[PDB]
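The data below hold one chain only, encoded as structure tokens and taken in the form deposited in one PDB entry.
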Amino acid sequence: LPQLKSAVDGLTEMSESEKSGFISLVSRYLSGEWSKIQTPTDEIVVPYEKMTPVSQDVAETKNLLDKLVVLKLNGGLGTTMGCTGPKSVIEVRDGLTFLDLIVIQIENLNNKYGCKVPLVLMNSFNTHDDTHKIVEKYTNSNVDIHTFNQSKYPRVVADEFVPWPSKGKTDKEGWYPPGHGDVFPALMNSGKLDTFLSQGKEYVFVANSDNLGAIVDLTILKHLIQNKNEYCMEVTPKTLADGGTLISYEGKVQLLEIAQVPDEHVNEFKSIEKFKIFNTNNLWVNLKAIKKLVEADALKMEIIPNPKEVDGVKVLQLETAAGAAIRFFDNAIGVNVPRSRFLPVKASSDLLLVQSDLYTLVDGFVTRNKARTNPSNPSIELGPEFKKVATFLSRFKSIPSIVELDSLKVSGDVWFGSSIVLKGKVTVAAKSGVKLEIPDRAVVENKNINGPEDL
């Protein structure tokens, strides 16, 4: 460890608090009970439906809102989805980006109630420049937008265990942002937590930039303030399709990830029958509690190694998760929310869902079509032909109707025309060297289309 510290102190590009923060993760990493796991009670993981909504007194709502900061995690790139820049600036619905919609929602809150709720974006050294030029578009918007850069840590060469920039990899690829658990130290380090405290704010609502369900929820905010919950994680029921779970362990609610489960217990962990809930990454956190625990160096989340191979070299990228911080705060709870609060956009297939007749946009919010029977969204699986946002859009002249869809799987070189209707279970599979065009106004129900012979 003394050699690692010297090496890090040799990296003059690192801030003093980044160096100490990194050595602290490294130290913990280099150092360090299934039968004890319990299901949380309903008082620790509160069903959303038991929470008291705000009264009709608009003044009560304004006073809750005056205490709030909305934060979006914005440290990630549009790379999975074939886009350069930050994921948040992908157009998600009606030509509006994730960031456009977040801004609209907050404007509408401020207009409706007379509050001045700010928006803050946590960027990384990979997204900060693009984001900073983009946010100028909201200069005259009815919301103050703050940005800050999270920590920038050296990738560590796995074998020798030395900082990669110490071996001369000082360009962008030598470094990494150490996960969303870094939100707590970065908020302090950047100065932004102090600015909001000085503005009389008390809580931050943190969410993934690409979660379209993560809207300010007055019922939760009310609960935190009335009941003095310093941390509240939104969890949602676990489905076959899902996730870190909340457990009760040694008297505390804690995040449990598969990484910390013994091999013999991994299959039971994946039972949506044993663990019924999972973390949405919608997190409500008391700002004074954050300052106190960060300054006391008390946030000791599980280390996630996240190994990668970059430019030939195998590296470690020690990180932490924001949800794992729950066990350090006072009177922490989960709240078990309807899945309406969890609509992630991770791939083109999710764009198909949200750009379809399954949703519309109301007042900046992606709003589910009430005509659909199933409360669950249909499963959409698309081949790599559809991976890039541009290519996805090119393969759909319009987004087909899917209100009556159970599932779609598409593979091979497939192109969709306009005004298509899909129902029940649908597969479209173009063989090697075949291009399949689904014609305009096709109605496809409970069908496998395996070639032109099938339509």
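Throughout, we count residues from 1 along the sequence that is shown.
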Determine if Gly32 is unmodelled in a third or more of the other PDB entries compared for this protein. yes
Which class describes the count of deposited residues lacking coordinates between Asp350 and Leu351: none, 1 to 3, 4 to 9, or 10 or more? none
Comparing 270 to 278 with 174 to 182, which has the greater mean CA B-factor as deposited? 270 to 278
Average Cα temperature factor in the PDB entry - higher stretch of 331 to 339, 295 to 303: 295 to 303
Per the deposited entry, the peak Cα B-factor within the set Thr239, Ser151, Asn211, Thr127 goes to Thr239
Using the entry's values, work out which of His132, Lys167, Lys87, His223 has the largest Cα B factor. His132
Looking at the temperature factor on the CA atom of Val156, which third of the chain's modelled residues does it land in? lowest
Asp413 - Cα temperature factor, lowest/middle/highest third of chain: middle
Test of reading the entry: by CA B factor among the chain's modelled residues, which third contains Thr373? highest
Quick one: classify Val426 as lowest, middle or highest third of the chain based on its Cα B-factor. middle
On the chain's distribution of Cα B-factors, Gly200 falls within the third called middle
